[PDB]
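These notes are about the structure you will find just below.
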Amino acid sequence: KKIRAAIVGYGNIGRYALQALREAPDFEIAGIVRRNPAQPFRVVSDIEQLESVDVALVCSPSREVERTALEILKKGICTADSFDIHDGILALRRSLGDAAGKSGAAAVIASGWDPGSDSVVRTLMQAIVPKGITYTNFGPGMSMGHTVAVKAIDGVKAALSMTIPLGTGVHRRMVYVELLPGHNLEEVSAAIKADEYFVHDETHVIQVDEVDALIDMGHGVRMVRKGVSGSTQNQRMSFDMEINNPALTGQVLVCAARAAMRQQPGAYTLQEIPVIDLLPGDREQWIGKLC
Amino acid sequence: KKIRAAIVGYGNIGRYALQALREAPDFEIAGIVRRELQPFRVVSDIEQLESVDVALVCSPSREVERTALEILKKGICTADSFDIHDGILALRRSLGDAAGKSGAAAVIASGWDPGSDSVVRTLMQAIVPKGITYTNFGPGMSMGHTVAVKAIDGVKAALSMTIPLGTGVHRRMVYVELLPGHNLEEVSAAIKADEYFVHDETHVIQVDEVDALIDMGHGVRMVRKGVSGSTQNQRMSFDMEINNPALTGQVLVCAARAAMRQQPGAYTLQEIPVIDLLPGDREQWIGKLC
C-alpha cells in the first residue's frame, strides 16, 4: 500500500526529490529515469523498465516538462512537476489535463515553492482580503534563470546572479562574474545590464576570482498583502520563508505526487488541491492536530 | 447564476459577514435570520426566505451544530466559523452525516483560526514534514476568556486580552470593573485560579471603564522550523494584523462560495481547494496568482 514513485531527471531538483521520497513513510522508490546515461535504486533511460510505477516526479527543466509528462500520463501513470514559468501554466494545465483525462491519471503541476506552495498562500490571501495588492519579494538567493542569462553573455567565463528583494515586488540583481581572457569588466557589465533579463532592474556587476566560492542554495520569499476584508480597510498579512531552494522544491514534489494519487483524472495546480491531500495518511489525524 | 445567501445570527460576526456579502459580486442576499438591514429581508426562520442556496451560520460556537443541522436538513448548504479546536472532528462527523443525507455541503470552522490559519498550518506541515509549528495569538481581545471573567463573582465588566510570548505561550491581561462590595484582591485570585487562566501568566487590573479599552484588532504569528526531505533548518512564518470579526465575516463568505462547489458532506478549509474560495472561474486566478 506504499505509493511507488519514480524520479524522472536527476539534476539538482531530482537529487533533493529523492531525499524527500526516501524520508516519506508512504512512498517506495521505484527507480530513477535518467536522460543522460552516466546505487540501491534502478537507474534506467525509460520509465517502462521500472515495475508498477504509480507516480512520476518530473524533475526535468521546465521547457522539457510538458513532453515528458505527456508520455508518462499516456501510460496511465500520475505526474508531479515543478514547472516554473508562471505565464505557461494555463497552457500546461490544458495540455496535461487532456492527456490525464484520457488515461485516467492525474497531473499535479507547477509544484515547487514558486510557483507551487507560494501560489497556495497567495490564493488564500486574495480570497480573504479581496481588495488590495499582493507583493511577492524574492531572495536573497541565486536565480537559476538569470544566472543562465549571464553565462550566455560574450566574455563571461563563470556567473552567479543573486536576486535581492527591495520590497513591493522590486528586485536588485547582484551579478558576480569571472571573465574570459581578453575581456574587460566595463564591456561585460554593460552587456549584462542591457540584456532583457536585467534592463528593467537595478543591476550591479562585480568581477571575482572564483564564482563557485560564492554559491549557496539558501533563498527565500516575503509575500505581503494589505487590503480590505468585506468593507473593512487596513487588513495586513505576510508570509516569509528562509529555506534551501531545491530542498523545498523536492519536498513539494513529493507532496504533489501524494496528492495526485487522491484526485479525479485531470491536471491541477496546487491552488486546486486541498492542502490536507499533501499530507500522508488519513485526514482525521491532521484535522485533529492542525485545524 | 448568483448565489442566494442568508445570514443566520446578527451579532458582531453577522454584521461583518453581511458587509462582506454585500461586497461579493457573485452573491445575492436572500435575507437575515435573527431573533444596515433596511434594504434586506429580516426574518426569524430561514423558511421565511425564498430559494436560499447557502446560510452563513454566524451563531456562537455552542449553537452552531444545532443551527447548521436544521439548515442542512432542509437541503441548504452552510458555512460556519465554529472555533473550539478540539470539537472540530465531532462537528465534522455530525454535520457531515446530515449534509451527506440531505444533498448539501457544510464548510465548517471557517473563521481565521480555526479556518484560514488552518490552511497555512497544514501547508507548512506538508512542505516541512519534521519540526514544530507554533501559533502565537494577539495582541487582541479573547471572546472566550472575557466571557469566563464576566462569570466570576464581583465582576461588573471585563476585557481579557491575549498577548503572545512566543512558542504558543500566552500572557493574559485582564481588565475589570468591580461590583459594589467586592475587592480586587479576591476577584483577581478567583480569575487567576479559573480553568481558563490557571495555566497562563495572568495579570488583573482594575479600571474605571472597560468599554474605553475595547478594540477589534488582533493578529497571529505562526512559525515553523524544520526539515524538508532530509534538509534541516527550513524556516517559515505567517503573520497577520487584522480586524478579527471583519476577517471572520469575509472567510465565511469565501466558505459559503466554496460550499456550493463541493460534493455533499462536511469540510474544514484544509479540505477545500483554495481556488474554490475565490469568485468565478479558475483560469483567471491561475493566470493571476499561480
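Residue numbers start at 1 in each chain; chains themselves are named A, B, ... in the order of the C-alpha cells; ligands are numbered from 1 in the order shown.
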Q: List every residue of segment 34-208 of chain A that DSSP, applied to the backbone, labels as helix (DSSP H, G or I), and write the result as a count of residues only.
A: 63
Q: Give the residues of chain B that lie within 6 Å of chain A; count only C-alpha atoms, and format the answer as a PyMOL selection string.
A: chain B and resi 19-20+114+118+123+126-127+228-229+234-242+247+250-251+270-275+277-278+290
Would you output that residue set with N, CA and C atoms, as an mmCIF file, in the first residue's frame?
data_model
loop_
_atom_site.group_PDB
_atom_site.id
_atom_site.type_symbol
_atom_site.label_atom_id
_atom_site.label_comp_id
_atom_site.auth_asym_id
_atom_site.auth_seq_id
_atom_site.Cartn_x
_atom_site.Cartn_y
_atom_site.Cartn_z
ATOM 1 N N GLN B 19 -21.522 42.695 5.704
ATOM 2 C CA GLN B 19 -20.656 43.650 4.972
ATOM 3 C C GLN B 19 -19.910 42.952 3.840
ATOM 4 N N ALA B 20 -19.366 41.768 4.128
ATOM 5 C CA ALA B 20 -18.618 41.028 3.126
ATOM 6 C C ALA B 20 -19.505 40.507 2.011
ATOM 7 N N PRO B 114 -9.859 28.640 14.257
ATOM 8 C CA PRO B 114 -9.699 27.808 13.067
ATOM 9 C C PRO B 114 -10.236 28.444 11.800
ATOM 10 N N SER B 118 -5.675 27.532 9.559
ATOM 11 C CA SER B 118 -5.603 26.067 9.426
ATOM 12 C C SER B 118 -5.047 25.652 8.076
ATOM 13 N N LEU B 123 -0.441 23.425 5.141
ATOM 14 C CA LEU B 123 0.573 23.606 4.102
ATOM 15 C C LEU B 123 2.008 23.544 4.671
ATOM 16 N N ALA B 126 3.071 20.047 5.587
ATOM 17 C CA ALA B 126 3.286 19.184 4.424
ATOM 18 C C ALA B 126 4.679 19.400 3.836
ATOM 19 N N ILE B 127 5.066 20.659 3.692
ATOM 20 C CA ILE B 127 6.282 21.004 2.949
ATOM 21 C C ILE B 127 7.551 21.054 3.814
ATOM 22 N N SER B 228 12.927 19.754 5.434
ATOM 23 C CA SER B 228 12.313 19.397 4.169
ATOM 24 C C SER B 228 13.173 18.256 3.606
ATOM 25 N N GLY B 229 12.553 17.120 3.352
ATOM 26 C CA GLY B 229 13.299 15.915 2.967
ATOM 27 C C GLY B 229 14.154 15.487 4.140
ATOM 28 N N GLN B 234 14.935 24.606 7.766
ATOM 29 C CA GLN B 234 13.967 25.305 6.918
ATOM 30 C C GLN B 234 13.098 26.153 7.852
ATOM 31 N N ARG B 235 12.890 27.418 7.522
ATOM 32 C CA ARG B 235 12.109 28.314 8.371
ATOM 33 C C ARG B 235 11.050 29.043 7.600
ATOM 34 N N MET B 236 9.880 29.137 8.220
ATOM 35 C CA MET B 236 8.755 29.795 7.626
ATOM 36 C C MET B 236 7.937 30.497 8.690
ATOM 37 N N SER B 237 7.235 31.561 8.286
ATOM 38 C CA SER B 237 6.323 32.242 9.186
ATOM 39 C C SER B 237 5.195 32.905 8.422
ATOM 40 N N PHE B 238 4.136 33.127 9.152
ATOM 41 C CA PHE B 238 2.929 33.741 8.637
ATOM 42 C C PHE B 238 2.390 34.654 9.719
ATOM 43 N N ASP B 239 2.188 35.916 9.354
ATOM 44 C CA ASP B 239 1.711 36.946 10.297
ATOM 45 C C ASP B 239 0.468 37.631 9.742
ATOM 46 N N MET B 240 -0.412 38.034 10.662
ATOM 47 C CA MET B 240 -1.477 38.972 10.388
ATOM 48 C C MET B 240 -1.690 40.001 11.477
ATOM 49 N N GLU B 241 -2.081 41.197 11.041
ATOM 50 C CA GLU B 241 -2.573 42.299 11.916
ATOM 51 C C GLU B 241 -3.883 42.748 11.270
ATOM 52 N N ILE B 242 -4.981 42.358 11.904
ATOM 53 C CA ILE B 242 -6.288 42.419 11.242
ATOM 54 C C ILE B 242 -7.367 42.794 12.231
ATOM 55 N N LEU B 247 -12.418 39.904 9.432
ATOM 56 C CA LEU B 247 -11.787 38.811 8.697
ATOM 57 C C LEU B 247 -12.684 37.574 8.754
ATOM 58 N N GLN B 250 -15.471 37.773 6.293
ATOM 59 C CA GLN B 250 -15.018 37.548 4.923
ATOM 60 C C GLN B 250 -14.743 36.074 4.676
ATOM 61 N N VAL B 251 -14.110 35.377 5.629
ATOM 62 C CA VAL B 251 -13.821 33.953 5.403
ATOM 63 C C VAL B 251 -15.150 33.179 5.285
ATOM 64 N N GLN B 270 -9.096 23.022 5.344
ATOM 65 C CA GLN B 270 -7.970 22.142 4.950
ATOM 66 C C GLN B 270 -8.382 21.215 3.793
ATOM 67 N N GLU B 271 -9.701 21.009 3.640
ATOM 68 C CA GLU B 271 -10.273 20.068 2.688
ATOM 69 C C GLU B 271 -10.832 20.734 1.435
ATOM 70 N N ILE B 272 -10.671 22.044 1.330
ATOM 71 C CA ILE B 272 -11.207 22.850 0.237
ATOM 72 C C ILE B 272 -10.046 23.398 -0.579
ATOM 73 N N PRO B 273 -10.032 23.142 -1.902
ATOM 74 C CA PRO B 273 -9.042 23.825 -2.723
ATOM 75 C C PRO B 273 -9.129 25.324 -2.496
ATOM 76 N N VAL B 274 -7.999 26.000 -2.285
ATOM 77 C CA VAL B 274 -8.068 27.441 -2.028
ATOM 78 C C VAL B 274 -8.691 28.226 -3.159
ATOM 79 N N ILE B 275 -8.551 27.742 -4.383
ATOM 80 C CA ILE B 275 -9.132 28.456 -5.520
ATOM 81 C C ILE B 275 -10.690 28.458 -5.430
ATOM 82 N N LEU B 277 -12.312 29.254 -2.922
ATOM 83 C CA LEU B 277 -12.629 30.400 -2.093
ATOM 84 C C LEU B 277 -12.811 31.694 -2.886
ATOM 85 N N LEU B 278 -12.467 31.667 -4.167
ATOM 86 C CA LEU B 278 -12.465 32.872 -4.998
ATOM 87 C C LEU B 278 -13.635 32.893 -5.986
ATOM 88 N N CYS B 290 -0.881 32.119 -9.795
ATOM 89 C CA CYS B 290 -0.098 30.887 -9.657
ATOM 90 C C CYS B 290 1.367 31.133 -9.924
#
Q: Quick one: pick out all strand (DSSP E or B) residues within segment 38-226 of chain B from a backbone DSSP run and write them as a PyMOL selection string.
A: chain B and resi 42-43+54-57+77-80+105-107+111-112+115+130-137+140-141+155-164+170-178+201-206+217-226
Suppose we keep C-alpha atoms; can you now write the selection as a PDB file, in the first residue's frame?
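Result went into out-v8.pdb, see below:
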ATOM      1  CA  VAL B  42     -35.129  40.271   8.004  1.00  0.00           C
ATOM      2  CA  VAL B  43     -36.870  37.232   9.450  1.00  0.00           C
ATOM      3  CA  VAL B  54     -26.365  28.686   1.474  1.00  0.00           C
ATOM      4  CA  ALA B  55     -26.547  30.003   5.011  1.00  0.00           C
ATOM      5  CA  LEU B  56     -23.682  31.758   6.756  1.00  0.00           C
ATOM      6  CA  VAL B  57     -24.155  30.493  10.322  1.00  0.00           C
ATOM      7  CA  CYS B  77     -25.566  24.467   2.312  1.00  0.00           C
ATOM      8  CA  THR B  78     -23.906  26.008   5.393  1.00  0.00           C
ATOM      9  CA  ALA B  79     -20.740  27.892   6.297  1.00  0.00           C
ATOM     10  CA  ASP B  80     -19.786  28.404   9.963  1.00  0.00           C
ATOM     11  CA  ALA B 105     -22.351  20.730   1.826  1.00  0.00           C
ATOM     12  CA  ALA B 106     -21.157  22.233   5.091  1.00  0.00           C
ATOM     13  CA  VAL B 107     -17.885  24.159   5.269  1.00  0.00           C
ATOM     14  CA  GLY B 111     -13.019  31.842  10.583  1.00  0.00           C
ATOM     15  CA  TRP B 112      -9.360  32.762  10.706  1.00  0.00           C
ATOM     16  CA  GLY B 115     -10.131  28.445   9.370  1.00  0.00           C
ATOM     17  CA  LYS B 130       9.507  17.276  10.569  1.00  0.00           C
ATOM     18  CA  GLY B 131       9.716  20.067  13.104  1.00  0.00           C
ATOM     19  CA  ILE B 132       7.380  22.142  15.269  1.00  0.00           C
ATOM     20  CA  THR B 133       4.793  24.820  14.424  1.00  0.00           C
ATOM     21  CA  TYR B 134       3.945  27.461  16.962  1.00  0.00           C
ATOM     22  CA  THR B 135       0.819  29.596  16.690  1.00  0.00           C
ATOM     23  CA  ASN B 136       1.040  32.877  18.581  1.00  0.00           C
ATOM     24  CA  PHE B 137      -2.083  34.984  19.056  1.00  0.00           C
ATOM     25  CA  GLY B 140      -6.139  41.073  20.809  1.00  0.00           C
ATOM     26  CA  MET B 141      -9.349  40.517  22.772  1.00  0.00           C
ATOM     27  CA  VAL B 155     -17.041  41.342  38.101  1.00  0.00           C
ATOM     28  CA  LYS B 156     -19.191  44.143  36.694  1.00  0.00           C
ATOM     29  CA  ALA B 157     -17.454  44.359  33.324  1.00  0.00           C
ATOM     30  CA  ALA B 158     -14.360  42.722  31.788  1.00  0.00           C
ATOM     31  CA  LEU B 159     -11.902  42.557  28.932  1.00  0.00           C
ATOM     32  CA  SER B 160      -9.344  39.749  28.577  1.00  0.00           C
ATOM     33  CA  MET B 161      -6.512  40.427  26.156  1.00  0.00           C
ATOM     34  CA  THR B 162      -4.357  37.609  24.730  1.00  0.00           C
ATOM     35  CA  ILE B 163      -0.714  38.593  24.417  1.00  0.00           C
ATOM     36  CA  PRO B 164       1.822  36.414  22.541  1.00  0.00           C
ATOM     37  CA  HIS B 170       0.424  33.458  26.116  1.00  0.00           C
ATOM     38  CA  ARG B 171       0.074  36.158  28.715  1.00  0.00           C
ATOM     39  CA  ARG B 172      -3.419  37.223  29.719  1.00  0.00           C
ATOM     40  CA  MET B 173      -4.064  40.881  30.581  1.00  0.00           C
ATOM     41  CA  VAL B 174      -7.479  41.120  32.275  1.00  0.00           C
ATOM     42  CA  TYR B 175      -9.171  44.483  32.828  1.00  0.00           C
ATOM     43  CA  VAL B 176     -12.161  44.567  35.189  1.00  0.00           C
ATOM     44  CA  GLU B 177     -14.715  46.852  36.794  1.00  0.00           C
ATOM     45  CA  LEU B 178     -15.861  45.602  40.133  1.00  0.00           C
ATOM     46  CA  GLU B 201       0.696  34.124  33.237  1.00  0.00           C
ATOM     47  CA  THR B 202      -2.238  36.371  34.120  1.00  0.00           C
ATOM     48  CA  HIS B 203      -2.422  39.970  35.293  1.00  0.00           C
ATOM     49  CA  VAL B 204      -5.622  41.531  36.607  1.00  0.00           C
ATOM     50  CA  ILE B 205      -6.082  45.272  36.526  1.00  0.00           C
ATOM     51  CA  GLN B 206      -8.975  47.327  37.891  1.00  0.00           C
ATOM     52  CA  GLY B 217      -7.681  44.474  16.220  1.00  0.00           C
ATOM     53  CA  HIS B 218      -5.997  41.106  16.567  1.00  0.00           C
ATOM     54  CA  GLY B 219      -3.344  39.041  14.929  1.00  0.00           C
ATOM     55  CA  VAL B 220      -1.336  35.910  14.666  1.00  0.00           C
ATOM     56  CA  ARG B 221       2.245  34.881  14.197  1.00  0.00           C
ATOM     57  CA  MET B 222       2.710  31.324  13.056  1.00  0.00           C
ATOM     58  CA  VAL B 223       6.215  29.892  12.792  1.00  0.00           C
ATOM     59  CA  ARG B 224       7.664  26.538  11.756  1.00  0.00           C
ATOM     60  CA  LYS B 225      11.300  25.476  11.770  1.00  0.00           C
ATOM     61  CA  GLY B 226      12.067  22.046  10.435  1.00  0.00           C
TER      62      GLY B 226
END
(Q) Could you list, as a ChimeraX atom specification, every residue within 12 Å of residue 69 of chain A, counting only C-alpha atoms and ignoring same-chain residues fewer than 4 positions away? (A) /A:7-9,47,55-65,73-83,92-93,95-100,105-110,267
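Near residue 3 of chain B, within a cut-off of 8 Å and counting only C-alpha atoms, sit the residues residues 1, 5, 26, 27, 28, 53, 54 and 257 of chain B, with same-chain residues fewer than 2 positions away left out.
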Q) Quick one: distance from atom CA of residue 207 of chain A to atom CA of residue 185 of chain A in Å, one decimal? A) 6.8 Å
Q: Skip residue 33 of chain A itself and residues of its chain fewer than 2 positions away, then list as a ChimeraX atom specification all residues within 9 Å of it, counting only C-alpha atoms.
A: /A:6-10,31,35,42-47,50
Keeping C-alpha atoms for every residue in the selection just given, could you write it to a file as a tab-separated table (two decimals), in the first residue's frame?
chain	number	residue	atom	x	y	z
A	6	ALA	CA	9.87	7.25	-9.94
A	7	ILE	CA	12.19	10.25	-10.18
A	8	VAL	CA	12.48	11.40	-13.84
A	9	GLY	CA	15.50	13.66	-14.39
A	10	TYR	CA	18.43	13.58	-11.95
A	31	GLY	CA	13.66	3.94	-9.67
A	35	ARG	CA	18.08	11.12	-19.85
A	42	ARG	CA	17.29	1.09	-10.52
A	43	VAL	CA	18.60	3.72	-12.97
A	44	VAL	CA	17.07	3.49	-16.45
A	45	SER	CA	16.62	5.59	-19.59
A	46	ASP	CA	12.88	4.66	-19.98
A	47	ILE	CA	10.11	4.53	-17.29
A	50	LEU	CA	10.68	0.14	-13.86
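Straight-line separation from atom CA of residue 117 of chain B to atom CA of residue 82 of chain B: 13.6 Å.
Taking only C-alpha atoms into account, residue 4 of chain B lies nearest to B:31 out of the set B:31, B:103, B:181, B:75.
We find atom CA of residue 140 of chain A and atom CA of residue 162 of chain A to be spaced 6.7 Å apart.
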